[PDB]
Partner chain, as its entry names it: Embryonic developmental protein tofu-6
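There is one chain below, alone, in structure tokens, taken in the form solved without its partner chain.
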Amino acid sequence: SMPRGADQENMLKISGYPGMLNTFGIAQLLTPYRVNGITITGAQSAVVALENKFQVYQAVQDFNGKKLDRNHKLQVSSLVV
């Protein structure tokens, strides 16, 4: 799942993807960002460890509000805020 000794500044919160995705599929959703761990927190929500805070900020810009289909829209935010 998640590396035990991670820093919260590298973490991304992501929700709204289709519940069918497993943890590998969540990493696939975020290609090409390096993903170091994923914790599933809900039916359609997870926390994802990226490389550093610059990756987190760019991932937020790239994916937040993105429409996946008619019934799914991504909510993406930095864990540390």
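Residue numbers count along the first chain shown, from 1.
From this point on, the text means the form deposited with its partner chain bound, which you will not see here.
Legend entry - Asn64: touches its partner chain in the bound PDB entry, heavy atom cutoff 4.5 angstroms: Answer no; every heavy atom of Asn64 is more than 4.5 Å from its partner chain in the bound PDB entry.
Inset, instruction - Find out whether any non-hydrogen atom of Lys73 is located within 4.5 angstroms of its partner chain in the bound PDB entry, and reply yes or no. - result: Outside the cut-off, so no.
Inset, instruction - Answer for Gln58 alone: is it within 4.5 Å of its partner chain in the bound PDB entry, judged on heavy atom distances? - result: Although its partner chain is absent here, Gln58 would touch it in the bound PDB entry, with heavy atoms inside 4.5 Å.
Inset, instruction - Using the arrangement in the bound PDB entry, list in sequence order the residues of 28 to 46 with any heavy atom within 4.5 angstroms of its partner chain. - result: Heavy-atom contacts within 4.5 Å come from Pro32, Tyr33, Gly42, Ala43.
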